[PDB]
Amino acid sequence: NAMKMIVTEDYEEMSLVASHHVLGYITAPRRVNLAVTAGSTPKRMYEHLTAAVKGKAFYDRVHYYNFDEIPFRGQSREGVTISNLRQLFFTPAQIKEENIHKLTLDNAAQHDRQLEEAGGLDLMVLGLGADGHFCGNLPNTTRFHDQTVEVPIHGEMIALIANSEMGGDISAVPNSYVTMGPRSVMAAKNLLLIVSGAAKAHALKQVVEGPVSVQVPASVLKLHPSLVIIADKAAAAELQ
């Protein structure tokens, strides 16, 4: 579809409409592979999806995948992304463990091959960073040809991760993280970009109307042939 831009009134409507788009894949009768984002943007969306699938056994051919992961330094516990996805949705929605596929540093080199063998991703539900990052593809360090790759954590990135994605302390920041690169993301059959808040308005303008550039990684997503963007009024404020 020519990129479809959906502008909702607020976070609540953005969240509801996004849940309806994802339900179109959840209700498909054959197997569907969905890569889903963590973070605060999808919290309400996941509350709607929880109410739609909790206690229902007939969505057993829906397989869920994390698209990035940050392990806890010196700890054997599950990483931050799958942990947040369980808290936001897999646990309360009662998703079967055999339908949850975890990406880690250990299986990253086989992740792209496993997805193609499973029929490829039907949908990726992603968020947009204030700086235009998507998944773990950050400004300037992003390479568009990258598939699933390991990214070293150095310098200022230590405090940024400790304070934000981890929301704990310096000691738990590992040496590196894994992310599906832009090529792996673009390989999905369909993309659903959810955007909320004034802090994302500039990044959204650069994605919709700006040039394709590694400085604003998500700018490459406008090249996808099947992209739907669901933004609230605050996030769409800079669009013309």
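All residue numbers refer to positions in the sequence shown, first residue = 1.
Stretches 69-77 and 133-141 differ in mean C-alpha B factor, with the higher average recorded for 69-77.
When the C-alpha B-factors of 180-188 and 167-175 are averaged, 167-175 comes out higher. Set against one another, the Cα B-factors of 85, 108, 123, 126 in the record reach their highest point at 108. Residue 206 sits in the middle third of its chain by CA B factor, as recorded in the PDB entry. Ranked within its chain, residue 40 lands in the highest third, by CA B factor from the PDB record.
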